[PDB]
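In structure tokens, one chain follows: the form deposited in one PDB entry.
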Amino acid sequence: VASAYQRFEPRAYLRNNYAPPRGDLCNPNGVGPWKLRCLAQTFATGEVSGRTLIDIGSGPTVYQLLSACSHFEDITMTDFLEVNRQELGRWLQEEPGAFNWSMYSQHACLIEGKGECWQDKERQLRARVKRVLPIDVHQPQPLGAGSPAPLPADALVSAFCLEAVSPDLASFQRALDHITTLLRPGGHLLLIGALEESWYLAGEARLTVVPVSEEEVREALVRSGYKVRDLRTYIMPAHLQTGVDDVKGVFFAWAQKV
């Protein structure tokens, strides 16, 4: 798969998944509002706390950290591609042509409901993201040996990565074992991913995906040494079925390392 991700277009991917219709957060029944709600509700329990946190396979997105950022002071974002990391930095610095995550930032404020303004939220996130590093979940030591990243992390967040870089179940399983080592025993893992998806586009690139079920994700979290605190499913409605992929649903898992 690694070679397929070489033709990956960050802007095409962002437009396919974070721009209307999926990027229209006005409909409370959309996938965006759901993902944000899961993340928000989870961090609102105050069980996922700590000093450091790592985002595995950040890609060119930041929504996966909006609620998280206020509970951890050292945030590490990662990704296998220079192009993505470049895109991340473009938003982190507020340079020209960064992607606009304001609609997302705003809804995270809505959902959390602490009266915070979206600029302060975006400001906090940009402040707590200390670094954007390269990563390969396939290497049994994903980040490397002398990674500038604090290890082990207190928590982990990963959205649409593992199943999007694994040819089959076993690879998905090992990939989890790999990143799972980056997590402190007792730490927390927040995994978001596609259910029963087998491909999705990113411009000229056509990525292969491993179709997984909710049950298969659960058993994989256990086999990796986690206590599944929560695991819910979102069924992709017709209006959000657009051709950019064949995803059937989206899963959210809150897992704690034994």
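What we label the rigid core is the largest C-alpha set whose atoms superpose within 1.5 Å from one form to the other. Residue numbers here begin at 1 and follow the sequence given.
K.L.:
Is the mean CA B factor in the deposited entry higher across 35-43 or across 216-224?
P.N.:
Stretch with the higher mean C-alpha B-factor: 216-224.
K.L.:
Mean CA B-factor: is it higher for 190-198 or for 50-58?
P.N.:
The entry gives the higher C-alpha B-factor average to 50-58.
K.L.:
Reading the B-factor column of the entry, which of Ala108, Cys117, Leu182, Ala159 has the highest value at its C-alpha atom?
P.N.:
When the deposited C-alpha B-factors of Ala108, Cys117, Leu182, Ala159 are compared, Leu182 is largest.
K.L.:
Taking the values exactly as deposited, rank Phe252 by C-alpha B-factor within its chain and report the matching third: lowest, middle or highest.
P.N.:
Lowest third.
K.L.:
Just say lowest, middle or highest third for the CA B-factor of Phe80 relative to the other modelled residues in its chain.
P.N.:
As the PDB entry reports it, the C-alpha B-factor of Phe80 lands in the highest third of its chain.
K.L.:
Consider only the C-alpha atoms of the modelled residues in this chain, order them by B-factor as the entry records it, and name the third containing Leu133: lowest, middle or highest.
P.N.:
Tercile = middle for this residue's CA B-factor.
K.L.:
Please place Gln93 in the lowest, middle or highest third of its chain by C-alpha B factor as given in the entry.
P.N.:
Highest third, going by the recorded CA B-factors of the chain.
K.L.:
Which third, lowest, middle or highest, does the CA B-factor of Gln124 fall in along this chain?
P.N.:
Answer is middle: the recorded C-alpha B-factor places it there.
The following text describes the form deposited in another entry, which does not appear among the structures shown.
K.L.:
Any idea which of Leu190, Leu36, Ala202, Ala220 has its C-alpha shifted 2 Å or more between the shown form and the other one with the rigid core fixed?
P.N.:
Shifted by 2 Å or more: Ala202 only.
K.L.:
Just checking, between the shown form and the other one and with the core aligned, does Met236 shift 2 Å or more at the CA?
P.N.:
The answer is no, as the C-alpha of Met236 shifts between the shown form and the other one by less than 2 Å after core alignment.
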